[PDB]
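Enquirer: opening with a subset of the complex:
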Amino acid sequence: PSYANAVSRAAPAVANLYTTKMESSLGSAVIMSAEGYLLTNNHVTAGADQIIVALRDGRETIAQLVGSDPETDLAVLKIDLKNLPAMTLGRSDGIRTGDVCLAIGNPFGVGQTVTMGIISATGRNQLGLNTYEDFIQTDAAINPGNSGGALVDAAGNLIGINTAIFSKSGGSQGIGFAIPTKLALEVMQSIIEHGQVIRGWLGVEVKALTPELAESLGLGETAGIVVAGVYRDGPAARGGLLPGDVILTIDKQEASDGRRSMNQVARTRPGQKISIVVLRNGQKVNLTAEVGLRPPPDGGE
């Protein structure tokens, strides 16, 4: 049929980013509210000395950088303009593979461009682009210049911020990646509020069972987070875990997935303490621990 109505709704709220540093770079950004806050990638505006925002209706203006979060590759901007169009929000949770989506951006500086595809996959982590990833995968053509633009559903509602691609040729081969809205709103709100995103710290480093040793004290591969390693300071080595310890629950929640344990720990405010039960030599042992702060640290492959 036609996706023009979706385009008409959403394209006004997607902007072209021109940045100058010390040299010149292109990207995209999404207008989140009529008050002038804009969402984009960190690798678009990082180190810029000047950010110009060019809107679909032709106005241009310099943008102020509210703040940035490199661990998710997001950044926030504020512009002083009246009568701004604002993107409507979709539900990242409600999307399904095979749903149709639209990417809106400035690929190769050609101008605002709409590309069409489907959701290829949801929840892509383990990719190796950012510390925290819940990537939406799409086959809508996404190219250098699409960063920070909008991935939008068939009705025009924002489902993601286009950030990266996997490609052998430096341009689209049908495998592109967008940060889900629900994740991007979380990051956007703290930045707007605290100029950054505050995460919690915990020494432990973990891996899967690979259950030859874990076959010992055998279970169905249920609720076991294997521990390997510790770190230099503000450590969780002084709360009771050791290399080889295995964690059934963190803050009374299953350690089935090591990705989830990253998330809970980041969302626990710095300066607090917490309880983890790991299985040592065949019996549940109970620990409790503090919470440190996390220290400070489009894209191809």
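Expert: Cool, the structure landed. Residues are numbered from 1 along each chain as shown, chains lettered A, B, ... in the order given.

Enquirer: which residues does residue A:11 contact?
Expert: Listed by Cβ atoms under 8 Å, 6 or more residues apart in numbering, the contact set of residue A:11 reads A:56, A:104, A:112, A:114. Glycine gets a C-beta too; all of them are placed from N, C-alpha and C.

Enquirer: any chance of a PyMOL selection covering the buried ones in those?
Expert: In PyMOL, this line selects whichever of the contacts of residue A:11 come out buried by 16 or more other Cβ atoms under 10 Å:
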select buried, chain A and resi 104+112+114
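
Enquirer: would a markdown table of the contacts of residue A:11 with distance to residue A:16 be doable?
Expert: Listed next are the contacts of residue A:11 as a markdown table, based on distance: Cβ to Cβ, whole Å:
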| residue | distance to residue A:16 |
| --- | --- |
| A:56 | 9 |
| A:104 | 11 |
| A:112 | 7 |
| A:114 | 13 |
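
Enquirer: of all the contacts of residue A:11, which comes closest to residue A:150?
Expert: residue A:104 (4.5 Å; Cβ to Cβ).

Enquirer: wait, doesn't that closest one sit right on residue A:10?
Expert: Yes. Shown here, residue A:104 and residue A:10 form a contact pair, counting by Cβ atoms under 8 Å, at 6.2 Å.

Enquirer: any shared contact partners between these two?
Expert: A:150, A:152.

Enquirer: so the spatially most central residue of chain A is in which element?
Expert: When chain A is reduced to its mean C-alpha position, the nearest residue by Cα atoms, centre = their mean turns out to be residue A:72, at 4.0 Å. According to DSSP states H and E, residue A:72 maps onto no helix or strand at all.

Enquirer: put this one in as chain B:
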Amino acid sequence: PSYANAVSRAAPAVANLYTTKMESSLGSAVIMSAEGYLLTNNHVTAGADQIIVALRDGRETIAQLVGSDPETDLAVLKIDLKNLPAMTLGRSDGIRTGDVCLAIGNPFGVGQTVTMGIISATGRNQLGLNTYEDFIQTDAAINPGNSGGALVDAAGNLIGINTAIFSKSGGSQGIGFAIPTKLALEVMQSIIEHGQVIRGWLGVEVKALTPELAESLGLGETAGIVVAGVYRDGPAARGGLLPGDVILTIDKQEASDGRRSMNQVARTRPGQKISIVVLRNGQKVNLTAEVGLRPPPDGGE
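Expert: Alright, chain B goes in next:
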């Protein structure tokens, strides 16, 4: 759903071009009428010593070159065959970004190929491929061998002639460009009639305000075509404009856009004269001028 009905309507009127020069090249062409006239790109048939047309139903024949227009990258051909299928025409004006479209061509000589996408953008000029550009942008996969084939809407009606692509890899990365039908019919009809396209000549060369000097005698950036440069002969330097002059109206029409002024001047028949009012030192001055002829002069990036 399915675009097969669209394919069934349109594909019979799209032909495979094989050309030999002095060596061998592939392209596509569109059958515009049952009398055997065919539309294609200039860079497909330019310098060919022999053009073969192969139709979907298997017939082949040598084509005669009616004429060509390199400034838009169009060419016209005539074949002697009976019972030719003819492409139906869509309205280039009525297309909207997000509308679905189909590209029909011979990419890499693989054979007639249908690809599907959306209109990514309309009215693309400033690209740097041709002197006169009103490009439709699509993300339907377009590759070398697609030149001169049909961009068609969801019902099968011709909206454009696929001509070029932007790509880092020598093949499709989702950014392809088609010449709108309405423009291609204009060029097609004079070629068929006068063996070429006759345009009008005028010395002036222009640019935008960049209103630091124009901020002087300030206006809203309204109806001002900045002049910079003049040319060697049949000049419009002998009608009254000078470097630095600024033009509010050409032939009683606004100079808001320098692209439009190119178009009016090309469409004014050679041997006539015309009136332009530019703003000199703060007051409207009125000039009038003659019209010279324009002298004589798929694609990647």
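
Enquirer: go back to the contacts of residue A:11, now with chain B?
Expert: A:56, A:104, A:112, A:114, B:97 (Cβ atoms under 8 Å, 6 or more residues apart in numbering or on different chains).

Enquirer: gap between it and residue A:140?
Expert: 14 Å (Cβ to Cβ, to the nearest Å).

Enquirer: kindly report the same for residue A:172.
Expert: With Cβ to Cβ as the criterion, residue A:172 and residue A:140 are 9 Å apart.

Enquirer: same check on residue A:154?
Expert: 12 Å.

Enquirer: re earlier: quick check, nearest of the contacts of residue A:11 to residue A:160?
Expert: residue A:104 (11.0 Å).

Enquirer: quick one, phi psi at the closest one?
Expert: Residue A:104 adopts backbone torsions of phi -130, psi 120, taken as degrees, to the nearest 10.

Enquirer: quick one, phi psi at the residue of chain A found nearest chain B?
Expert: Nearest to chain B in chain A, going by Cβ to the nearest Cβ, is residue A:141, at a distance of 2.5 Å. Here is the backbone geometry of residue A:141 (degrees, to the nearest 10): phi -50, psi 120.

Enquirer: now do the nearest residue to it once chain neighbours are set aside against residue A:139, distance only.
Expert: Once flanking residues are discounted, residue A:141 sits nearest to residue B:174: 2.5 Å by Cβ to Cβ, 6 or more residues apart in numbering or on different chains. As judged by Cβ to Cβ, residue B:174 and residue A:139 stand 10 Å apart.

Enquirer: equivalent analysis for residue A:194, please.
Expert: 36 Å.

Enquirer: more neighbours, those two?
Expert: residue A:139 (20 against 10; other Cβ atoms under 10 Å in any protein chain shown).

Enquirer: kindly incorporate the sequence below as chain C:
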Amino acid sequence: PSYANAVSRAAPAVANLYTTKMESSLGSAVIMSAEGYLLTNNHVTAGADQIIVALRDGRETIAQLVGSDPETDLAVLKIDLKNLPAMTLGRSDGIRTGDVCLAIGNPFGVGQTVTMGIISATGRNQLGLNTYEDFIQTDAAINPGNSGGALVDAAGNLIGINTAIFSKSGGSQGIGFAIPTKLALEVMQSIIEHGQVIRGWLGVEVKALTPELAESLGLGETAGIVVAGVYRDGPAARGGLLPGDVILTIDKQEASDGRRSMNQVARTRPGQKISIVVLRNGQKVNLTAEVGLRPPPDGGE
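Expert: Next up, chain C placed on what we already have:
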């Protein structure tokens, strides 16, 4: 609209192939029946010393290789697992160019991936990838890692096994190729039964009229298979055909197309004999001949 329902139906029956040889390789495979038989490409599992099958629901298991057929680039596998989901079958015959289709695979090892396109063309032979080709062409993004996965119609029914691509860049440029289901079932059933595919042998090698000599004894290019060449042993040179002979019918069937004559001969069981009438010097001559066995012998361009 949305293809999610199609994805939900089909994706459970598409598996990720990891193979180790002597080193490591990725591909895809399709679960054809609840008894654990799987279809994939030959170039994915050929020479593997170990094949792991990873299902959408997370189970993994080593696969046994039933057998393989390199002349079509198909291979078959058997896994020992209960409650397997099974792909539903579409009709390769009923597909039309422009129909929507979905490709399901593991491109670049990113994980199970759904891409969307249309049927670009059907019946692609002469490509030069395999001896026997009836390729479905699609513009659904297909990349290295998609081999042996499912090309599926808009309702979720298998129409093809994704096997190859044409590309200048080592990744998708919109021209991908799937083996039709109807062909793949034929190959699958003999492999499952006889561990291989048994074809018949016949010396002759043929080409088109190119009717300068054939213009002699002129006909409409109807039912004429030109002969050129013969072979080393178990030949059909001892049944009566010679270089230059022209064949009107094979086994009382028209030689209009040399591709069809390949097919009839392969499908004639070894050890039998057959009748071919070729036109020699202007009169139909009738031969009859035996049938030899055929001897033994994702992908880019």
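
Enquirer: please look at the contacts of residue A:11 again, because chain C has been put in.
Expert: Contacts of residue A:11 (Cβ under 8 Å, 6+ apart): A:56, A:104, A:112, A:114, B:97.

Enquirer: for the second one, what are its contacts?
Expert: The contact partners of residue A:104, taken as Cβ under 8 Å, 6+ apart, are A:7, A:10, A:11, A:14, A:28, A:112, A:113, A:114, A:149, A:150, A:151, A:152.

Enquirer: make it 10 Å
Expert: By Cβ atoms under 10 Å, 6 or more residues apart in numbering or on different chains, residue A:104 lies in contact with A:6-7, A:10-11, A:13-15, A:28, A:30, A:56, A:87, A:112-115, A:140, A:146, A:149-152, A:156, A:158, A:162, B:97, B:120.

Enquirer: which ones among these map onto helices?
Expert: Of the positions in those, A:6, A:7, A:10 sit in helices, assigned by DSSP state H.

Enquirer: burial measure for the residue lying closest to residue A:103 once chain neighbours are set aside, as a count.
Expert: Leaving aside its chain neighbours, residue A:103 sits nearest to residue A:140 (4.0 Å; criterion: Cβ to Cβ, 6+ apart). Residue A:140 sits with 30 neighbouring residues when counted by other Cβ under 10 Å.

Enquirer: ok, residue A:140 to residue C:98 distance?
Expert: 20 Å.

Enquirer: please apply the same query to residue A:167.
Expert: 28 Å.

Enquirer: can you tell me which residues in the stretch 51-200 of chain A are near chain B?
Expert: Neighbours of chain B within the stretch 51-200 of chain A, by Cβ under 10 Å from any Cβ of the partner chain: A:58, A:102-104, A:107-117, A:139-146, A:154, A:156, A:165, A:167-174, A:176.
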